[PDB]
Amino acid sequence: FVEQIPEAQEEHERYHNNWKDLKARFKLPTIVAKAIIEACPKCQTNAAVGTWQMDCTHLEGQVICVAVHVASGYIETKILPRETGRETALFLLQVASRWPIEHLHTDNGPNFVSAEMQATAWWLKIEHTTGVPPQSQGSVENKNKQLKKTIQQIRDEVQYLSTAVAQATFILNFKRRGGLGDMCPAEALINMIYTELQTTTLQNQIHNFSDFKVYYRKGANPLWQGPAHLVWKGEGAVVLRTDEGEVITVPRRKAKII
Amino acid sequence: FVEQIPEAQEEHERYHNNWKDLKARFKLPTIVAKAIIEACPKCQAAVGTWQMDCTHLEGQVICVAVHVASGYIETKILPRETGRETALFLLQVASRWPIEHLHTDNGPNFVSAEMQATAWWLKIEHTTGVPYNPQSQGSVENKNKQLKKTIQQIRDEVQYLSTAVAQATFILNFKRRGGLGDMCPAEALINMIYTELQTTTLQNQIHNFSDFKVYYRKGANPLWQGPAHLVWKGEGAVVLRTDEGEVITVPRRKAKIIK
Amino acid sequence: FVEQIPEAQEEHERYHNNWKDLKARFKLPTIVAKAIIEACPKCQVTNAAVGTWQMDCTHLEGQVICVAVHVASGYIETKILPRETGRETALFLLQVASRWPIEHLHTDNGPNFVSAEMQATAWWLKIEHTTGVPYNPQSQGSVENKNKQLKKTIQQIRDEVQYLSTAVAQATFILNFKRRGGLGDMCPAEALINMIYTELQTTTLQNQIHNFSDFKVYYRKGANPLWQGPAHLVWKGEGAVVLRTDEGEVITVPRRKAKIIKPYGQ
Amino acid sequence: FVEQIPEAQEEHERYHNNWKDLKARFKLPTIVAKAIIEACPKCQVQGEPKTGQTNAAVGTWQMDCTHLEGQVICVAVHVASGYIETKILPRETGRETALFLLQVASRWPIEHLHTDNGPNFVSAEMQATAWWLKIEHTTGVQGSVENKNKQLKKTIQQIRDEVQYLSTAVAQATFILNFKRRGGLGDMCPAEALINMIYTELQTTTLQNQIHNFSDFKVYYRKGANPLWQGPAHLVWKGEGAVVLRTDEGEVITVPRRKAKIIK
Amino acid sequence: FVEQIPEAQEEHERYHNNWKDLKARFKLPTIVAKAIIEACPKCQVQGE
Amino acid sequence: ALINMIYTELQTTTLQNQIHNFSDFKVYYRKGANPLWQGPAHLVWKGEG
RNA sequence: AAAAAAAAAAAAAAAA
RNA sequence: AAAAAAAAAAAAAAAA
RNA sequence: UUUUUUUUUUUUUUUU
RNA sequence: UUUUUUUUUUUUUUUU
Ligand SMILES: [Zn+2]
Ligand SMILES: [Zn+2]
Ligand SMILES: [Zn+2]
Ligand SMILES: [Zn+2]
Ligand SMILES: [Zn+2]
């Protein structure tokens, strides 16, 4: 793939592809594709993976707290013995310990603005905002209505309400598909989390070790060329960008790093 | 699928799946899935689902139709936001790819008589308002945002807006790869269409089973049992449903059909 | 099959199909299908590459109709050009290339097919624009037949449709989806989809191989509790996995003794 | 990295992090991170993990019930990665265990279980829940769940002073163990490891299902002692010592080179 | 002869007729007349 | 005829191997889709499959 | 000896 | 290259 | 006894 | 982890 790099660069300069297509059309590895993408002046946390909305509902005289991911359709439900701030804080702590979370959108209820919730948010380093935000609220209410309908559908076949709530949550999470790629809500969340983690790791790796200066020998030319910014340093080869924007790969034996 | 009919039914007893999910997982015909869901007292992403919406840019109206299950998009610059133009765009889209379901918001142009006439002519199940499917509620908005983002990268080296729109659509459809399979939208759409074509060719449809009565011999009981509705007539065996709500596949030698 | 006789007739009221399509859809015999076709007053009775397309222009009722025809299958696309100019033809070519893979365009030597706009558009998509008499007369004959059939269908449909564009779109829909073709008894759209899917088999295999070259697997061999690896993954099964170690050995490991990880690094 | 030392110290003082986590988070060298963790009254630098037991599957979980401060704590541990799910049961009864299993199975894919012969693990509620979720249940004769319980107890003791109630302490300990504690086999926390395993399983299944009816270089093979040739079958891998084949029926078979013929 | 199919069916359900007679009267082809007699619960295709 | 019958019986008995000694061992079985244990029922034949 | 096309014979499944 | 004998490795089923 | 789907055989013609 | 039945591989020896 040594000679494929100029072709990939010209292809991106023409069509503006993404790295997952460059790494599959020219068979070049992942980090080389990321470096090619990030060398483009136009292409170069999304705050959409860790946004959750919490609400409380009444059913049969009991209180059910539902936390819904804004993206996809993942939900988590718990029957609260008492509508108090301590139980809400405990449920938020459990949700945070189960899945990553960064933001939280709750209403102006007395329990959501209590001191315990603020203490939990401060301990967990969570930005919590209460009030009127957009159109995702409609989807949240739609999810709540769907949960209520599923609860009513199979209520008669069980004795306790907690078992019915758990069954409804399982049905809504793992047994209902639809959307892009035909993925249930329990797989879309995992897909977004994995893609975000991969992007963050690659960006950190590329942009951390970037202040180095590497002199390289290209081809049979014995003269030392450069200086060029170090992109990726490996066991056998290193990829770097020259001041002209060209990204190339040079073996360690032909590269000197300062 | 003799051994698949009972087990699939068991699924509907526990999680209460849908008939589409039954076809997707158990590769069963639509008629038997409909019989299964109908038999349950509680109960009373496809290859042909599209979502159409409009947007404004530089004083020009752009209409975008998006396939929810793959991400394929099609764009057209409408001279005016009228019912006739949108109906013509829908007719043009339906003449290239198979359309069996169209969903759109409650805008005035989507409610006009021209759209209804076109949908009736093309035999399309057109719905408006809140999407019945829980998911796919924001795919079109994300696609519109992506198109608006990519059009700016190309607008600089382009004279006319229509050329920029066409280039952006080409780039989005062919030059970008998705996740969980690593397929661009066009390849995924073509694969889904091919699979559906093979399945429908195998099915051959044309059932017209009506309300033919069936008498069946179950187990070792010699006496006739029933009468029961007819669900599927096959050369090797026949699938039937009883008035109680049980779906049973029996060999032809122990089935008598009365019209 | 008499019960299908009425309904099929109703279909011929809307879409003017041929006897082949009715026979293939409603399972009617050939003679009765031909009789149904004849009963309508307004009715009578190549091996190119996958990415081969042709373009043509026609004049009808003071309007310019641009037709792009697939050569191998017969799938067609039509547009109403406002004014016959190189810019409009280039825009139509760009629009067609944004839906289907185009690799070779055959046109005539007209004035609007040689303008700088057409050359720029063909260079942007990296396609070979050939102008002149086609090498195979069969392709030209098929294109002319497609144009004549489009004109006939437009004439048949125009009586029930007010505007010209709607009639052209309906004729295109009928030609692409309703009337069947020759070998295989498939519609032009179905044949095009099948050909494109068949052509796209090697690329998916190469992509799968390249992606599988990324996963790592840690395996346990024998009764030794210490884990081993990392090794390249060859195949993953429901019961056991097949791996290729760095030394070249091929090892089958039960599923309970194998753990597959795709690292975030590299 | 002089400016990162106070931030790392504050973060460790809030939740006690592993030395590997501090090394891989603030990019500090090993020596300074080890000095930071070592200079803590209730922290050690042991860093001696053990093997991943013997049954390591994606859909295999475990269960246990421990007693602490006169309360019953139910713990479920993912064997392959090390994920921990904890709950406080009002009573050590079968119904509570069934409810907890139903709650756990509603979040992550479960296809197996490994419990002991306790009275609550053989109740009719357990059988009904297992039948409803299509979960295979085994009982009888481990080390992983005991180690996780010991670590959870140690973390609870570490964080018990600050909090007032016990449920909050258990939740905080679970949060610390799941996320803010780096581990081996790729240097990732258990939650990230579990997500990675699930995603790679899904991707492998999808990619394998993408190609099922076409390949290159169909080959003929001889199976067992039967000298009759068989095939043709799709070629998956061609090697110097042996070849890996996939037949039309979906079976994968390894065949020595002397028993395979390649055609083009 | 498509318009004569309902009349032939009505005549057949009034009194049952042989397929040869139906073919001779309404000038239907053999296959369609055989189909008409075919769709009768109390008729056969012996023709002996 | 006697030799043929003896040979067939010898093959059948070699396949059987006898030596059952099943005694009154009790069995709990899961029949159909019912998850609850049913029985108890006497053991008749213990086979690998 | 292998491939393709046309005609003829028999058998199995299905409707009458 | 085929048959026979001895030793070694892995997997499936069964009892603990 | 008639008609559709599948399978197994015979004859003729065109190439290798 | 130990023991029986079956299957798949490696090494050595004796013949063809
Ligand atoms: Zn770019
Ligand atoms: Zn139901
Ligand atoms: Zn007609
Ligand atoms: Zn500490
Ligand atoms: Zn009659």
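Visitor: Any chance you could explain the overall build of chain B here in plain terms?
Guide: Of the regular secondary structure elements, chain B holds 9 helices and 10 strands. For 259 residues, the compact-globule estimate of 2.2 N^0.38 gives 18 Å, and the C-alpha radius of gyration of chain B, at 24 Å, exceeds that figure by more than 25%. With respect to the principal axes defined by its C-alpha atoms, chain B has extents near 85 × 40 × 30 Å. Within chain B, the fraction of its 259 residues that count as buried is 52%.

Visitor: Whenever I open this one, the sheet that holds strand β1 (residues 49-57) of chain B confuses me. Can you help?
Guide: The strands making up a sheet associate through backbone hydrogen bonding, with each pair oriented either parallel or antiparallel. All names here are of chain B. Strand order in this open sheet of 5 strands is β3-β2-β1-β4-β5, and the pairing throughout is mixed. The outermost strands of the open sheet, each flanked by one partner alone, are β3 (73-78) and β5 (125-128). Strand-to-strand, the axes of this sheet are offset by a mean angle of 25°, without reference to chain direction. As defined by bridge partners, strand β4 (residues 101-104) adjoins β5 across 4 bridges and the pair is classed as parallel. Across the sheet, residue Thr104 finds its bridge partner in β5, namely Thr128. Here helix α8 (residues 161-174) sits on the sheet and contacts β1, β2 (60-67) and β3; the angle it forms with β3, its principal contact strand, is near 170°.

Visitor: Sorry if this is basic, but what is going on with empty space enclosed by the protein here?
Guide: One water molecule sets the probe size; rolling that probe over the atoms shows where empty space is left. By volume, the largest cavity is sized at about 130 Å³. Forming the boundary of the largest cavity are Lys236, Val241, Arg255, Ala258, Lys259 and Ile260 of chain C together with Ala57, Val58, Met197, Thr200, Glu201 and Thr204 of chain D. Contributing elements (two or more residues each) for the lining of the largest cavity: β10 (258-261) of chain C together with α8 (190-210) of chain D. If you tally residues by element for the lining of the largest cavity, the top one is α8 of chain D, at 4 residues. Classifying every residue of the lining of the largest cavity by side-chain character gives 6 nonpolar, 2 polar and 4 charged.

Visitor: Would you take a moment to explain the sheet that holds strand β2 (residues 71-77) of chain D for this structure?
Guide: All names here are of chain D. What the 3 strands build is an open sheet, ordered β1-β2-β3; its pairing is antiparallel. If you trace the sheet from one side to the other, it starts and ends with β1 (64-68) and β3 (84-89), each paired once. Recorded for the sheet is a direction-independent mean angle of 30° between the axes of neighbouring strands. Here β1 runs beside β2; their pairing, made up of 5 bridges, is antiparallel.

Visitor: Just checking my understanding: could you explain a nonpolar patch on the surface for this structure?
Guide: Together, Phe209, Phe212 and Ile257 of chain A line one region of the surface with nonpolar side chains, adding up to about 270 Å² of accessible area. Looking at where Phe209 of chain A falls in the secondary structure, it is placed in the loop between α8 (185-208) and β6 (213-216).

Visitor: Which parts of the structure should I look at to understand the coordination of the zinc ion (ligand 2)?
Guide: Geometry reference: four tetrahedral donors at a metal, ideal angle 109.5 degrees. Six octahedral donors, ideal angles 90 or 180 degrees. All names here are of chain B. Distances from the zinc ion (ligand 2) to its protein donors, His12 (NE2), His16 (ND1), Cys40 (SG) and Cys43 (SG), fall within 2.3 to 2.4 Å. Taken together, the 4 donor atoms coordinating the zinc ion (ligand 2) span angles of 79 to 121° at the metal, a pattern that classifies the geometry as irregular. Counting gaps between the donor residues of the zinc ion (ligand 2) yields the pattern H-x3-H-x23-C-x2-C. Here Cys43 lies in the loop between α3 (30-39) and β1 and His12 lies in helix α1 (residues 4-14), a separation of 31 residues in the sequence. When sorted by exposure, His12 lands in the same class as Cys43, which is buried.

Visitor: Quick question: what am I supposed to make of the nonpolar core here?
Guide: For soluble globular proteins, nonpolar side chains are generally found buried alongside one another. Core analysis: the largest hydrophobic core is formed by 75 residues, its most contacted members being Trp52, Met54, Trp99 and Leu104 of chain A together with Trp61 and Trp108 of chain D. Residues within four places of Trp52 of chain A in sequence aside, it is in contact with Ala67, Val68, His69, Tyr74, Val95, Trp99, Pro100, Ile101, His103, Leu104 and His105 of chain A.

Visitor: I keep staring at the interface of chain B and chain C and nothing clicks. Help me out?
Guide: Reports often express the size of an interface as the amount of accessible area lost when the parts come together. Facing 38 residues of chain B, the contacting portion of chain C comprises 34 residues. Buried area between chain B and chain C, summed over both chains or domains, comes out near 3,400 Å², and the portion from carbon and sulfur atoms is 66%. The interface formed by chain B and chain C holds 0 salt bridges in total. Applying the counting criterion to the chain B and chain C interface returns 6 residue pairs in polar contact. Listing elements by their share of the side of chain B that touches chain C, those giving two or more residues are α4 (83-94), α6 (113-122), α8 and α9 (185-203) of chain B. No other element matches α8 of chain B, which puts 9 residues into the side of chain B that touches chain C. Each residue belonging to the side of chain B that touches chain C can be placed in one class, and the counts come to 19 nonpolar, 12 polar and 7 charged.

Visitor: For this particular structure, what's the right way to read the interface of chain B and chain D?
Guide: Between chain B and chain D, the contact holds 7 residues from the first and 9 residues from the second. Carbon and sulfur atoms make up 54% of the surface buried where chain B meets chain D, a total of about 820 Å² over both sides. When the buried area of chain B at its contact with chain D is split by residue, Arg14, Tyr15 and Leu180 of chain B rank highest and sum to 67% of it. Between chain B and chain D we count 1 salt bridge in total. When the shortest N-O distance is used, the salt bridge between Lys134 of chain D and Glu11 of chain B registers 3.0 Å. Counting across the interface, chain B meets chain D through 4 residue pairs in polar contact. Across the side of chain B that touches chain D, the residue classes break down as 3 nonpolar, 1 polar and 3 charged.

Visitor: Hey, could you run me through the packing of helix α2 (residues 19-26) of chain E against helix α3 (residues 30-38) of chain E in this one?
Guide: For any two helices packed against each other, the geometry is given by the interaxial angle and the distance between the axes. Residues and elements named next belong to chain E. Direction vectors running N to C along α2 and α3 enclose 130°, while the axes themselves pass 9 Å from each other. As summarised for this structure, α2 and α3 are arranged oblique, according to the angle between their axes. Considering only the axes of α2 and α3, their crossing is right-handed. Between α2 and α3, the contacting residues are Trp19, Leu22 and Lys23 on the first element and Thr30, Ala33, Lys34, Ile36 and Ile37 on the second. Tallied by class, the residues present in the contact of α2 with α3 amount to 5 nonpolar, 1 polar and 2 charged.

Visitor: In this structure, what is going on with the packing of α4 of chain B against α6 of chain B? I would like to understand it.
Guide: Residue and element names in this part refer to chain B. Between α4 and α6, whose axes approach to 8 Å, the crossing angle comes to 20°. Of the possible angle classes, the one that applies to α4 and α6 is roughly parallel. When you trace α4 past α6, the crossing you get is right-handed. In this structure, α4 contributes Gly83, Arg84, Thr86, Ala87, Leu90, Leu91 and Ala94 to the contact, and α6 contributes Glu114, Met115, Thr118 and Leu122. The class makeup of the residues in the contact of α4 with α6 is 6 nonpolar, 3 polar and 2 charged.

Visitor: What is the right way to look at the environment of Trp121 of chain B in this model?
Guide: As for its placement among the helices and strands, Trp121 of chain B is situated in helix α6. Using a relative accessible area of 15% as the deciding quantity, one classes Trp121 of chain B as buried. On a C-alpha basis, the gap between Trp121 of chain B and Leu91 of chain B in space is 9.6 Å, while along the polypeptide they are 30 residues apart. With near-sequence residues (within four places) excluded, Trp121 of chain B lies in contact with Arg14, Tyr15, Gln170 and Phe173 of chain C.

Visitor: What is the right way to read the UniProt feature "coiled-coil region" (unreviewed entry) in chain B from this model?
Guide: The UniProt record marks residues 137-164 of chain B with the feature "coiled-coil region" (unreviewed entry), using the residue numbering of this structure. With 75% helix and 0% strand, residues 137-164 of chain B has its two end C-alpha atoms placed 27 Å apart.

Visitor: What exactly am I supposed to notice about the pattern of salt bridges here?
Guide: Side chains bearing opposite charge may pair, as long as their charged atoms lie close to each other. Tallied over the entire structure, the rule returns 38 salt bridges over all chains. Across the pair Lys218 of chain A and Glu246 of chain A runs a salt bridge whose closest N-O atoms are separated by 3.2 Å. Taken together, the residues span a long stretch of sequence, with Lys218 of chain A in the loop between β6 and β7 (225-233) and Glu246 of chain A in the loop between β8 (237-241) and β9 (247-251) at a distance of 28 residues. Among the residues examined, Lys218 of chain A registers a relative accessible area of 37% and is labelled partly exposed. Between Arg158 of chain C and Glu61 of chain C there is a salt bridge, with the nearest N and O atoms lying 2.9 Å from each other. With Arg158 of chain C in the loop between α6 (137-157) and α7 (164-178) and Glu61 of chain C in the loop between β1 (52-60) and β2 (63-70), this residue pair connects regions lying 97 residues apart in the sequence.

Visitor: Help me out: how do you make sense of α1 of chain B in this one?
Guide: Every α-helical turn comprises 3.6 residues, leaving residues that sit three or four positions apart pointing alike. Of the positions making up α1 of chain B, those classed as buried are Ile5, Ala8, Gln9, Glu11, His12 and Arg14 of chain B. Those residues of α1 of chain B that are buried are in contact with α7 (161-174) of chain A, α2 (19-26), α3 and β9 (247-251) of chain B together with α5 (124-133) of chain D. Looking one or two residues beyond α1 of chain B, the residue adopting positive phi is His16 of chain B, at roughly 55°.

Reading guide: rules and limits
- Residues numbered from 1 in each chain as written, not as in the entry; some residues may be left out.
- Chains lettered and ligands numbered in written order.
- Part of a larger assembly, values for the part shown.
- Heavy atoms only, no water.
- Residues with missing side-chain atoms left out of burial classes, pairs and counts.
- Helix = DSSP H or I, 4+ residues; strand = E, 2+ residues; numbered from the N terminus.
- Rg over C-alpha atoms; globule rule 2.2 N^0.38 Å.
- Buried < 20%, exposed > 50% of the residue type's maximum accessible area, 1.4 Å probe, protein only.
- Pairing = 2+ DSSP bridges.
- Axes fitted to C-alpha atoms, helices over the stretch in contact; angles between N-to-C directions.
- Contact = heavy atoms within 4.5 Å.
- 1 Å grid on protein atoms, 1.4 Å probe; cavity = no way out; pocket = protein on both sides within 12 Å on 5 of 7 lines; lining within 4 Å.
- Points joined across faces, edges and corners; volume = space filled by probe spheres on them.
- Nonpolar A, V, L, I, M, F, W, Y, C, P; charged D, E, K, R; others polar.
- Patch = residues over 30% accessible without salt bridge, like charges linked within 9 Å, V, L, I, M, F, W, Y side chains within 5 Å.
- Areas by Shrake-Rupley, 256 points an atom, 1.4 Å probe, with all protein chains shown as cover.
- Salt bridge = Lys/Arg side-chain N within 4 Å of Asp/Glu carboxyl O.
- Donors = N, O, S within 2.8 Å, 3.2 Å for Na, K, Ca; no water.
- Tetrahedral: all angles 85-135°; square planar, octahedral: opposite > 155°, others 65-115°.
- Core = buried A, V, L, I, M, F, W, Y, C linked by side-chain atoms within 4.5 Å.
- Buried area = accessible area lost by both parts, 1.4 Å probe.
- Polar contact = N/O pair within 3.5 Å; in protein donor to acceptor, adjacent residues only side chain to side chain.
- Parallel < 35°, antiparallel > 145°, perpendicular 65-115°, else oblique.
- Left-handed = near helix turned anticlockwise from the far one by under 90°.
- UniProt positions renumbered as here; feature names shortened; annotations may be inferred.

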